[PDB]
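A.B. asks:
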Amino acid sequence: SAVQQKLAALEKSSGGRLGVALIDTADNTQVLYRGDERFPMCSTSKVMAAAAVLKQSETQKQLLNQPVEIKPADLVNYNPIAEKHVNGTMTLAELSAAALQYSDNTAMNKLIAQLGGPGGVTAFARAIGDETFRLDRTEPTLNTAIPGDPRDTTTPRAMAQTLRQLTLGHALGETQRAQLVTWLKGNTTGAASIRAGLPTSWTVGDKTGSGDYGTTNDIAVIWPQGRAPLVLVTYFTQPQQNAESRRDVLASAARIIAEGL
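Residues 27 to 57, 59 to 238, 240 to 289, numbered by the entry's author numbering, are exactly what the sequence shown covers, in order.
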């Protein structure tokens, strides 16, 4: 289609490898570009960890209010919120918010620990029908994004389907789904990524990710005004280990997708 030719041209102009999956919930139509190739998730994996904790809270009703101690040894490479609470506590809700809206890496590691390790995050994916997602490592090493390495990867198609189920579907309880949506809508790191390619009037909830090999990712649920929502996943990675981030590519891919709906 026109859209796939424009995405291929965008990819060629960028020098990297682009993966896109769009689900239009109006008719369940999908647009895929490298939709079944694996990409390093980087921080987009935080959505799965947060959702796994939300699922636990369906049975442990008070779980999100459980205080978790932040110790100096817990701090890793990027901890904008956890740093503010060293030698104090954060609740699991606050850690989930921090992981999602500020991409706090300490917060992610606490979520992983709550789930019993990366295998606990992966198990949640399997439980909701995602056979592709795999989380293998903790922060910060899950962002190495080494070409060909299957650790800590998923495909665009799989992540779009899973994000749809978590936010618009019923993989989570009603209160949990609403909380996840609220968290995503409040993301602070996404202004230059998918959001930048979309009409300003559209409501977006997203989670970015970035890593080595110039890996630049964003996954979003999009609520256009007077129109069924869309799920859009944009993954991008580059051949040079020290490549710079290319959020503009994600914005451009979103713009190309938005041209047509």
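Note that CB positions come from ideal geometry on N, CA and C, so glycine has one too.
(1) My guess is that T159 and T181 are in contact by the Cβ rule of under 8 Å, so how many angstroms apart are they, rounded?
(2) Identify, in the order they occur along the chain, each residue of the same chain with its Cβ nearer than 8 Å to the Cβ of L102, setting aside the five sequence neighbours on each side.
(3) Which class does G147 belong to by DSSP, given the choice of helix, strand or coil?
(4) Residue ranges of each beta strand (DSSP E) run of no fewer than 3 residues wholly in the region 62-136, ordered along the chain?
(5) To which residues of the same chain is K137 closer than 6 Å at the C-beta, ignoring the five residues directly before and after it?
(6) Whole angstroms are fine: how far does the CA of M75 sit from the CA of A125?
(7) Provide the residue span of the alpha helix (DSSP H) that contains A286, from first to last.
(8) Closest to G62 by C-alpha separation, out of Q268, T262, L278, would be which residue?
(9) Tell me where the alpha helix (DSSP H) around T202 begins and ends.
(10) If you compare alpha carbons, which of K82, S40, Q30 is closest to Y60?
(11) Taking all protein chains shown into account, do 16 or more other C-beta atoms lie within 10 angstroms of the C-beta of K98, making it buried, or fewer, making it exposed?
(12) In chain order, what residues of the same chain have a beta carbon less than 7 Å from the beta carbon of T265, not counting five sequence neighbours either side?
(13) Quick one: measure Cβ to Cβ for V208 and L142, integer angstroms, because I've assumed they're closer than 8 Å.
(14) Figure out for me which residue from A185, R274, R204, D157 has the closest Cα to the Cα of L193.
(15) Mind pulling the beta strand (DSSP E) runs of 3 or more residues that sit fully within the region 31-56?
(16) Determine the direct distance from the alpha carbon of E37 to that of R283, and round the result to whole angstroms.
(17) By DSSP's criteria, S237 is part of a beta bridge. Which residues make up the other side?
(18) For the alpha helix (DSSP H) containing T265, list its first residue and its last residue.
(19) Alpha carbon to alpha carbon, how far is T149 from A271? Give it in angstroms, no decimals.
(20) DSSP beta-bridge partners for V231?
(21) If you run the structure through DSSP and keep just helix, strand and coil, what is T180?
(22) Quick one: Cα of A100 to Cα of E166, how far?
(23) Just the Cα atoms here: how many angstroms apart are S70 and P107?
(24) Below 8 Å on the Cβ atoms is my contact criterion, and I expect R184 with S40 to pass it. Report the Cβ-Cβ distance as a whole number of Å.
(25) Quick check on the burial criterion: 16 or more other C-beta atoms within 10 angstroms. Buried or exposed for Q206?
(26) What distance in whole Å lies between the Cβ atoms of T235 and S130, which are believed to be in contact at a cut-off of 8 Å?
(27) What does a CB cutoff of less than 8 Å around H197 pick up in its chain, not counting 5 residues either side in sequence?
C.D. replies: Taking the structure as given:
(1) 5 Å
(2) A109, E110, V113, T133
(3) helix
(4) 94-97, 115-118
(5) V95, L122
(6) 14 Å
(7) 275-286
(8) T262
(9) 201-212
(10) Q30
(11) exposed
(12) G42, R43, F66, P67, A172, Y241, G242, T243
(13) At roughly 21 Å, the Cβ-Cβ gap does not stay under 8 Å, so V208 and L142 are not in contact.
(14) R204
(15) 43-50
(16) 14 Å
(17) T244
(18) First-last for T265: 258-265, but that is the beta strand (DSSP E), not the alpha helix (DSSP H).
(19) 29 Å
(20) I250
(21) strand
(22) 13 Å
(23) 14 Å
(24) 21 Å between Cβ atoms; not a contact.
(25) buried
(26) 7 Å
(27) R204
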